[PDB]
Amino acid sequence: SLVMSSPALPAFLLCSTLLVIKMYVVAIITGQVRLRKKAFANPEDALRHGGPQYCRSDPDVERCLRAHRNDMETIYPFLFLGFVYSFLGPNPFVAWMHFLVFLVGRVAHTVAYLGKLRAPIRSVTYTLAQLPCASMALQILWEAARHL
């Protein structure tokens, strides 16, 4: 199997795929909030589900959208950085720690966001998860630059 291409790759693929699934969960939650609170973004949706007055914004829907957007701002770069980083021959344990800190930090971020936890819990989880990303980005820069 081509998952064996590098020692850190299986760990990366596990964490990344779990995070993609976590984003899918956020999308499902968003839909449920829209349906249960009757807050739709489109008139065609609202008309099917009770009338035009239900094409409206809702604070909980907006919160779900913010969590999903923050995921797109952070998890998508990780998908790129972590994949490339897996092929740079990092220490296996060190690589696992990068991926695990990101995974735990991002899951905690979504819990803090959707659960409306007190500040600065969410902000802290964002920063903690960004640390391994910054680390990987720098390592990739050095490897790329030295092969120019």
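The first residue of the sequence shown is number 1, and the count goes up from there.
Taking the mean C-alpha B-factor of each stretch as recorded, 6-14 and 132-140 are not equal, and the higher mean is that of 6-14.
Stretches 110-118 and 63-71 differ in mean CA B factor, with 110-118 having the higher one. Between the residues 27, 103, 84, 95, it is 95 that shows the highest Cα B-factor in the PDB record. The PDB entry assigns residue 79 a C-alpha temperature factor belonging to the lowest third of its chain's modelled residues. Among the modelled residues of its chain, residue 42 has a C-alpha B-factor that falls in the lowest third, as given in the PDB entry.
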